[PDB]
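S.K.: One structure follows; several queries about it will come next.
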Amino acid sequence: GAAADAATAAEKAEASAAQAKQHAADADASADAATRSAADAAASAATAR
Amino acid sequence: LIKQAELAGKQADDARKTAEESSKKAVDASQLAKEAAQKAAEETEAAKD
Amino acid sequence: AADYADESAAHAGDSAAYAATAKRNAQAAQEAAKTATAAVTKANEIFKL
């Protein structure tokens, strides 16, 4: 029974880690978009000057 | 026949002790698995934040 | 989280791996109990005869 519960916990932990990886992947997507936005902002600053 | 019963009694008892140790081990292991799962969950929540 | 998920799986794996064999000690104890019972049963039949 304890082993079965442990297995269940492990499956949930793996699922949680999988979500964490996706969350990090989404965080990267945001950071990459932010980097591009900042790069464009720098171009806008050069344009404004 | 009694002597054979005594021998059978001994391994039933040795098997019992082993099974009880297994129960404790499985429970400690499931506790560690749950804690590990919770630690993964905490990291997952941190990833979400 | 991934490392903790693997740790959780490792603990669950250890619990299940041991329990999966430790349960055979319960079966061995049952066999021993049946053996002791049989020894007594035979002893009782011999006595009566």
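Chain identifiers are assigned as A, B, and so on, following the order in which chains appear in the structure tokens; residues are numbered from 1 within each chain, and ligands are numbered from 1 in order of appearance.
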Please check the contacts: residues of chain C at most 8 Å away from chain A, using only C-alpha atoms, listed as a count of residues only.

M.R.: 13

S.K.: Once you count only C-alpha atoms, which residues of chain B turn out to be within 6 Å of chain C? Could you give them as a list in words?

M.R.: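 Those within range of chain C come out as residues 1, 5, 8, 12, 15, 19, 26, 29, 33, 36, 37, 40 and 43 of chain B.
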
S.K.: Please, which residues of chain B lie no more than 12 Å from chain A when the count uses only C-alpha atoms, and can they be set out as number ranges by chain?

M.R.: B: 22-49

S.K.: For the selection you just gave me, I'd like the residues written to a file as a JSON list (two decimals), in the first residue's frame, keeping N, CA, C and O atoms.

M.R.:
```json
[["chain", "number", "residue", "atom", "x", "y", "z"],
["B", 22, "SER", "N", 10.01, -4.56, 6.36],
["B", 22, "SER", "CA", 9.62, -4.10, 5.03],
["B", 22, "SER", "C", 8.53, -3.06, 5.12],
["B", 22, "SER", "O", 8.56, -2.05, 4.42],
["B", 23, "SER", "N", 7.56, -3.29, 6.00],
["B", 23, "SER", "CA", 6.48, -2.33, 6.19],
["B", 23, "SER", "C", 7.05, -1.00, 6.62],
["B", 23, "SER", "O", 6.73, 0.04, 6.04],
["B", 24, "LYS", "N", 7.94, -1.01, 7.61],
["B", 24, "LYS", "CA", 8.55, 0.22, 8.08],
["B", 24, "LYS", "C", 9.36, 0.88, 6.97],
["B", 24, "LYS", "O", 9.30, 2.09, 6.78],
["B", 25, "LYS", "N", 10.12, 0.08, 6.23],
["B", 25, "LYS", "CA", 10.97, 0.60, 5.17],
["B", 25, "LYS", "C", 10.13, 1.23, 4.07],
["B", 25, "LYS", "O", 10.45, 2.31, 3.57],
["B", 26, "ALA", "N", 9.05, 0.55, 3.69],
["B", 26, "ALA", "CA", 8.15, 1.03, 2.65],
["B", 26, "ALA", "C", 7.46, 2.31, 3.09],
["B", 26, "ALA", "O", 7.24, 3.21, 2.27],
["B", 27, "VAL", "N", 7.12, 2.40, 4.37],
["B", 27, "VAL", "CA", 6.47, 3.59, 4.91],
["B", 27, "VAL", "C", 7.45, 4.75, 4.99],
["B", 27, "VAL", "O", 7.11, 5.87, 4.62],
["B", 28, "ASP", "N", 8.67, 4.48, 5.45],
["B", 28, "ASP", "CA", 9.67, 5.53, 5.48],
["B", 28, "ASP", "C", 9.98, 5.98, 4.06],
["B", 28, "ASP", "O", 10.14, 7.17, 3.80],
["B", 29, "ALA", "N", 10.04, 5.02, 3.15],
["B", 29, "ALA", "CA", 10.31, 5.31, 1.75],
["B", 29, "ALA", "C", 9.16, 6.09, 1.13],
["B", 29, "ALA", "O", 9.40, 7.01, 0.35],
["B", 30, "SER", "N", 7.93, 5.74, 1.47],
["B", 30, "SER", "CA", 6.79, 6.46, 0.93],
["B", 30, "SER", "C", 6.71, 7.85, 1.53],
["B", 30, "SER", "O", 6.31, 8.80, 0.86],
["B", 31, "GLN", "N", 7.17, 7.99, 2.77],
["B", 31, "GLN", "CA", 7.23, 9.29, 3.40],
["B", 31, "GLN", "C", 8.27, 10.15, 2.69],
["B", 31, "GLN", "O", 8.02, 11.32, 2.40],
["B", 32, "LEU", "N", 9.40, 9.54, 2.35],
["B", 32, "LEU", "CA", 10.44, 10.24, 1.62],
["B", 32, "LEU", "C", 9.97, 10.57, 0.21],
["B", 32, "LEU", "O", 10.29, 11.63, -0.32],
["B", 33, "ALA", "N", 9.22, 9.66, -0.39],
["B", 33, "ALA", "CA", 8.69, 9.89, -1.73],
["B", 33, "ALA", "C", 7.69, 11.04, -1.71],
["B", 33, "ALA", "O", 7.70, 11.89, -2.60],
["B", 34, "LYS", "N", 6.86, 11.09, -0.68],
["B", 34, "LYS", "CA", 5.90, 12.17, -0.54],
["B", 34, "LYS", "C", 6.60, 13.49, -0.29],
["B", 34, "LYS", "O", 6.22, 14.52, -0.84],
["B", 35, "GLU", "N", 7.65, 13.46, 0.53],
["B", 35, "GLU", "CA", 8.42, 14.66, 0.80],
["B", 35, "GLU", "C", 9.13, 15.12, -0.45],
["B", 35, "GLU", "O", 9.17, 16.31, -0.75],
["B", 36, "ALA", "N", 9.67, 14.17, -1.21],
["B", 36, "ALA", "CA", 10.35, 14.49, -2.46],
["B", 36, "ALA", "C", 9.34, 15.06, -3.44],
["B", 36, "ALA", "O", 9.64, 16.01, -4.17],
["B", 37, "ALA", "N", 8.14, 14.49, -3.45],
["B", 37, "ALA", "CA", 7.08, 14.97, -4.31],
["B", 37, "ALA", "C", 6.66, 16.37, -3.91],
["B", 37, "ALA", "O", 6.41, 17.22, -4.77],
["B", 38, "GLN", "N", 6.62, 16.63, -2.61],
["B", 38, "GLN", "CA", 6.28, 17.96, -2.13],
["B", 38, "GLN", "C", 7.38, 18.94, -2.47],
["B", 38, "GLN", "O", 7.10, 20.08, -2.84],
["B", 39, "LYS", "N", 8.63, 18.50, -2.37],
["B", 39, "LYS", "CA", 9.74, 19.37, -2.72],
["B", 39, "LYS", "C", 9.68, 19.71, -4.19],
["B", 39, "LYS", "O", 9.91, 20.86, -4.58],
["B", 40, "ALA", "N", 9.33, 18.73, -5.02],
["B", 40, "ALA", "CA", 9.15, 18.97, -6.44],
["B", 40, "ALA", "C", 7.99, 19.93, -6.65],
["B", 40, "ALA", "O", 8.07, 20.82, -7.49],
["B", 41, "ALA", "N", 6.94, 19.76, -5.86],
["B", 41, "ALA", "CA", 5.77, 20.62, -5.94],
["B", 41, "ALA", "C", 6.12, 22.05, -5.56],
["B", 41, "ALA", "O", 5.63, 22.99, -6.17],
["B", 42, "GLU", "N", 6.98, 22.20, -4.56],
["B", 42, "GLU", "CA", 7.38, 23.53, -4.11],
["B", 42, "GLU", "C", 8.21, 24.22, -5.19],
["B", 42, "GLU", "O", 8.04, 25.41, -5.45],
["B", 43, "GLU", "N", 9.07, 23.44, -5.84],
["B", 43, "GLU", "CA", 9.87, 23.97, -6.93],
["B", 43, "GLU", "C", 8.97, 24.30, -8.12],
["B", 43, "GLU", "O", 9.20, 25.28, -8.82],
["B", 44, "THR", "N", 7.94, 23.48, -8.33],
["B", 44, "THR", "CA", 7.00, 23.72, -9.41],
["B", 44, "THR", "C", 6.24, 25.01, -9.17],
["B", 44, "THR", "O", 6.07, 25.82, -10.08],
["B", 45, "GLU", "N", 5.80, 25.22, -7.93],
["B", 45, "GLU", "CA", 5.10, 26.45, -7.59],
["B", 45, "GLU", "C", 6.03, 27.64, -7.72],
["B", 45, "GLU", "O", 5.62, 28.71, -8.17],
["B", 46, "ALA", "N", 7.29, 27.45, -7.35],
["B", 46, "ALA", "CA", 8.28, 28.50, -7.51],
["B", 46, "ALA", "C", 8.46, 28.83, -8.99],
["B", 46, "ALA", "O", 8.55, 30.00, -9.36],
["B", 47, "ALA", "N", 8.46, 27.80, -9.82],
["B", 47, "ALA", "CA", 8.57, 27.99, -11.26],
["B", 47, "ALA", "C", 7.37, 28.76, -11.78],
["B", 47, "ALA", "O", 7.50, 29.60, -12.67],
["B", 48, "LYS", "N", 6.19, 28.49, -11.22],
["B", 48, "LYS", "CA", 4.98, 29.20, -11.62],
["B", 48, "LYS", "C", 5.08, 30.67, -11.26],
["B", 48, "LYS", "O", 4.71, 31.54, -12.06],
["B", 49, "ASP", "N", 5.59, 30.95, -10.07],
["B", 49, "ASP", "CA", 5.71, 32.33, -9.61],
["B", 49, "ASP", "C", 6.75, 33.09, -10.41],
["B", 49, "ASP", "O", 6.55, 34.25, -10.75]]
```

S.K.: Atom CA of residue 28 of chain A and atom CA of residue 42 of chain A are how many Å apart?

M.R.: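 Atom CA of residue 28 of chain A sits 20.6 Å away from atom CA of residue 42 of chain A.
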
S.K.: One decimal, in Å: what's the spacing between atom CA of residue 41 of chain A and atom CA of residue 25 of chain A?

M.R.: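 So the answer is 23.9 Å.
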
S.K.: As an exercise, work out the distance from atom CA of residue 3 of chain B to atom CA of residue 18 of chain B in Å and give it to one decimal place.

M.R.: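 That distance, rounded to one decimal, is 22.7 Å.
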